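1. sequence first, structure after, both from an experimental entry:
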Amino acid sequence: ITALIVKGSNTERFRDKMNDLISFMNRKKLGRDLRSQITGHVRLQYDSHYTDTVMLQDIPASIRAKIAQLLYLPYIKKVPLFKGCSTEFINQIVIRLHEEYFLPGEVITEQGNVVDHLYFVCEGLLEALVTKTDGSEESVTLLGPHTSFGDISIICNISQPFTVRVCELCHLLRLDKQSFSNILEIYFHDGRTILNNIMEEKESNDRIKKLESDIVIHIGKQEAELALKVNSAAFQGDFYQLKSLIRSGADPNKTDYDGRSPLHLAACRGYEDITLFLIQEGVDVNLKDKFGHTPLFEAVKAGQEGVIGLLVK
Amino acid sequence: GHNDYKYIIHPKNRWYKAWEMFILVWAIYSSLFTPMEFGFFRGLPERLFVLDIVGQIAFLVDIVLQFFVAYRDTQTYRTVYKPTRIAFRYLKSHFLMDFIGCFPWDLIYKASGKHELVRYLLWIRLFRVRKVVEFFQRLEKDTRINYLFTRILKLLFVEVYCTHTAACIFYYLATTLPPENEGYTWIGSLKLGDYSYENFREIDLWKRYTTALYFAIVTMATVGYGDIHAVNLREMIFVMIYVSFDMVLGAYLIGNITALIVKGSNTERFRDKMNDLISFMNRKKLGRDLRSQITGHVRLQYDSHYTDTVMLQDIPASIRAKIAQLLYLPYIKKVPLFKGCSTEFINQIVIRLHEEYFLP
Amino acid sequence: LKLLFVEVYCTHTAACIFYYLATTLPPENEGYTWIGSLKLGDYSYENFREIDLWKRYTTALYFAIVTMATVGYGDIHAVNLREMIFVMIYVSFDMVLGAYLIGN
Amino acid sequence: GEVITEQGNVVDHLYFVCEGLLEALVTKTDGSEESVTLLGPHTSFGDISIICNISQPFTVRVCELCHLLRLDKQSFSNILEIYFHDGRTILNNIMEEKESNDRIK
Amino acid sequence: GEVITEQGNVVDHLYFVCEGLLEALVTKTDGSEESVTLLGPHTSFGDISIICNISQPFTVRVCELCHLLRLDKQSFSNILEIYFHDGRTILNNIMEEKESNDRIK
């Protein structure tokens, strides 16, 4: 019987963790309001025991991704942002998601703040109050289940458009802003899907403010970057990324804003590997930039005798 | 401000809290007196009429009030103010037993030709102990009292209540036999000292109750003097049941007390560290200054709660942020290394910032 | 050691209080006290107020020590209602004390 | 079936495949695994990334009961730097091994 | 009865004898180990091969409860590199006390 008691009960662990928290709060003089919020949140972790993912921490990341693709996957499929997006993008979002539960009344994000976390609303009701210039907050949308907030702010690189408050115990799937941006960059095609989804969302009911004007920015920028990335990797010397960039898209004959193909920069910087790879791509060897310069001229001007010979042959 | 109703009162209202404590005291008394009302009386005397009527009135108004008290929904975590939802919850949860216990069972017993089976329904009022259980569970979530200590005070209340109930049931079992077979009952064959409990139905209620509760308490600690013991077979069966159940109850009591003193305390754990350290301090004959340095190490290790850094590793990122940018942020804002940096970069620095303390 | 000292002290005090509650009753009706009705062996504690001090103390402390370990021989028992009440209180308190001893 | 080391991540743990077969694949951005090597018993991986301080070129995932012998990045480097000499003439030989791979450039 | 270092093995740790009796033994090819000396308190071993950089000169075998202070080879080498004059004084002490062992290198 004593062993059974000493093994511990859920409320006993609640008591210990809460008392530790109260020690830390009082000693750091957090403040009545903040003490109330943190106590409420961890009390939530102890009433619903949603922080049962601690066992998950032991289970390795591959199996964790599998459990993620069994639990978080349906909601993220339903998410309006990830409509028509590639399965790989969906999976990467699911793997990087973290479960959270927020008690009613809690202000998750505040209008004007930097959105460091993009939340997927899964099981709950929230609010989208806009803190106007006067300060009155009108509920833009109820942001019901299977939705997302923090998303337009992260992608459009604008501050938080509206304050989000909790109506009912909400099961949010949090995603770090930086992880979202990295996944967005790594899959540029799925990013294109996100941006057209954002634009078609404007044609739909997304109750957004001001103007987004980013799909067209993405149409220009994704392609212009990918070409630039090719040229910049050539100039820096990143042959390894250059192969992947050429295979991903654009064209090894693509030129920059000044009309410089990657061969020009590879010749100037004396990179025989990149120069050879462009040779197998059949890149123009007499292509001339806005300043009337051929890659042979750049190889000679920099005295890259090996690259000079490669271009001469 | 969602209390548009002038009838539903918030469950944390001060006046309703005072009523809750009042009905807790009445629940304690009524649940302690129901075994006494059942065992030691075959029908209440005229002296206790007003007490009985007033008690059931006090619990009936509690039944009435429970339809006007908001309850925090366990799926939406907001105080449901809807009167029909509140009434539905109370009617389906514990309304029937409160209502049945609120019947004047003594007057019904006397009215129904003095039938013992009617009096056997007095044990429905035992379900008023739900109030006491609720009070204890409310204490255990309140962090001003140690949980295990509350879990043992609850077990002490359970033990007090089981002894009182067992004493009443034991004397009732004595009364079940006709007064002609008094010599075959546990109390009717009692000759403690020179006093003989021959006609035990005529002795004053407190003498009988003190004797029966003496039996219950001494058997609760298994002292078993033997001066008082079972005689009938109904008494053997009841004593066997009570003794077998009390074995497990006392074992659980010992287990809970051992839980308190085995879990230990921060003082105890640090003291164990000190015992080991200061012992090493002595075996090697360390200089008192070096000893002071080591003692200062451990002293700051727990005193600045240096161990206490990762409790909030489970609080969500929003609150984790607010804590960090309300505690570590000012220093970083004034650090010349990050002078001129974006506030968001400083926020990221502060989020993963660790705390450490160093002695001179 | 604190619990052992507390338990020993409580036994001694309980024995003294037990004997005192035996003395509260008038000497005429001593047959209703725990010591006045004692017939241990062939020796009867008849004039319990005239016995040697150490016999009285050893009998009272025997009862206290026995009930402290809850042996409950039964030869000495709370005959009075006041004796019963005191034995009830002691026994209930010592159960918690012994549980604390086992836990420590 | 569990990934040991992930491509695009600087390896901080050199593993010695000693029992059980491991499989090394560079999964493409479209989700297509490309098994580049099959590291059986008495093989090593991660060493390129640590010696280079580059990211892992191929994600390595387990295929049988792979009894491996992990060696930390700081541990290895130390055996060469912190354990000077232990990591000078000998590591030069290790560099000869890596250049004799003939793919490392 | 235990052996600390065996004559011929590469020294990885320099040991100092605080208390207890150790025995340095030259194991010849005759099936026997000539007892070079009985290393006592305040002596040291694993230093001849850590300074003269040679193979362990004698098998050090335990005979009592020896409370040995151990110094890692790398650590000692690093400290010698930092403190060159102290290494001088040490090497001086080696040559002045070359009468300690006849088979000393």
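-> All right, it came through fine. Residues are numbered from 1 along each chain as shown, chains lettered A, B, ... in the order given.
2. tell me what angle the helix or strand that contains residue B:166 forms with helix C:81-103.
-> Secondary structure from DSSP states H and E places residue B:166 in helix B:147-176. Interaxial angle, helix B:147-176 versus helix C:81-103 (axes from the mean of the first three to the mean of the last three CA atoms, to 10 degrees): 140 degrees.
3. can you pull the buried residues of helix B:147-176?
-> Neighbour-count burial for helix B:147-176 flags B:147-148, B:150-155, B:157-159, B:161-175 (criterion: 16 or more other CB atoms under 10 Å in any protein chain shown). Heads up, the C-betas are built off the backbone N, CA and C, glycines and all.
4. what do you get for stretch B:35-46?
-> Buried positions in stretch B:35-46, judged by neighbour count with 16+ other CB under 10 Å: B:35, B:36, B:37, B:38, B:39, B:40, B:41, B:44.
5. list phi and psi for the last one.
-> Here the main-chain torsion angles of residue B:44 (degrees, to the nearest 10) amount to phi -60, psi 150.
6. what residue in chain A comes nearest to chain C?
-> residue A:2 (8.5 Å; CB to the nearest CB).
7. so what's the residue count around that residue?
-> 17 (other CB atoms under 10 Å in any protein chain shown).
8. how near is it to residue D:8?
-> 52 Å (CB to CB, to the nearest Å).
9. now swap in residue B:117 and tell me
-> Per CB to CB, residue B:117 is found 80 Å from residue D:8.
10. residue A:296 reaches residue A:263, doesn't it?
-> No - Residue A:296 sits out of contact with residue A:263 when judged by CB atoms under 8 Å, with a separation of 9.4 Å.
11. what's the overlap in contacts for the two?
-> Common contacts of residue A:296 and residue A:263, defined by CB atoms under 8 Å, 6 or more residues apart in numbering or on different chains, comprise residue A:285.
12. between the two, point out the one with more neighbours.
-> The neighbour count for residue A:296 versus residue A:263, taken as other CB under 10 Å, is higher for residue A:263 (31 against 18).
13. distance between the helix or strand harbouring the more buried one and the chain's centre?
-> Assigned by DSSP H and E, residue A:263 belongs to helix A:262-269. Averaging C-alpha positions (CA atoms, centre = their mean, to the nearest Å) puts helix A:262-269 33 Å from its chain's average.
14. count the neighbours of residue 92 for me.
-> Unless you meant another one, I'm taking chain A. Residue A:92 has 23 neighbours, counted by other CB under 10 Å.
15. looking at chain B here, not the other one
-> Residues lying near residue B:92 (other CB under 10 Å) number 9.
16. same question, residue A:78
-> So residue A:78, with other CB under 10 Å, has 14 neighbours.
17. one more: residue A:261?
-> 26.
18. quick one, what contacts it?
-> Residues in contact with residue A:261, defined by CB under 8 Å, 6+ apart, are A:231, A:252, A:253, A:254, A:255, A:278, A:283, A:284, A:287, A:295.
19. what's the closest of these to chain D?
-> When these are compared for distance to chain D (CB to the nearest CB), residue A:278 wins out at 17.1 Å.
20. test my guess that that closest one contacts residue A:262.
-> Yes - counting by CB under 8 Å, residue A:278 does reach residue A:262; the two are 6.2 Å apart.
21. overlap of the contact sets of those two?
-> Residues touching both residue A:278 and residue A:262 (CB under 8 Å, 6+ apart): A:234, A:252.
22. between these two, which one's more packed in?
-> A side-by-side neighbour count of residue A:278 and residue A:262, using other CB under 10 Å, places residue A:262 first with 33 against 28.
23. gap between the more buried one and residue A:230?
-> 5 Å.
24. residues shared between the contacts of the two?
-> Common contacts of residue A:262 and residue A:230 (CB under 8 Å, 6+ apart): A:242, A:252, A:254.
25. next, the contact list for residue A:5, please.
-> B:252, B:255, B:256, B:258, B:259.
26. part of a helix, is it?
-> Yes - checked against DSSP: H, G, I helix; E, B strand; the rest coil, residue A:5 lies within a helix.
27. ok, it to residue C:41 distance?
-> Relative to residue C:41, and taking CB to CB, residue A:5 is found at 45 Å.
28. does anything pack onto the helix or strand where residue B:324 lies? Which helices or strands?
-> If you go by DSSP H and E, residue B:324 is part of helix B:317-327. Here helix B:317-327 touches helix A:32-47, helix B:343-351, going by 3 or more CB pairs under 8 Å, 6 or more residues apart in numbering or on different chains; DSSP states H and E.
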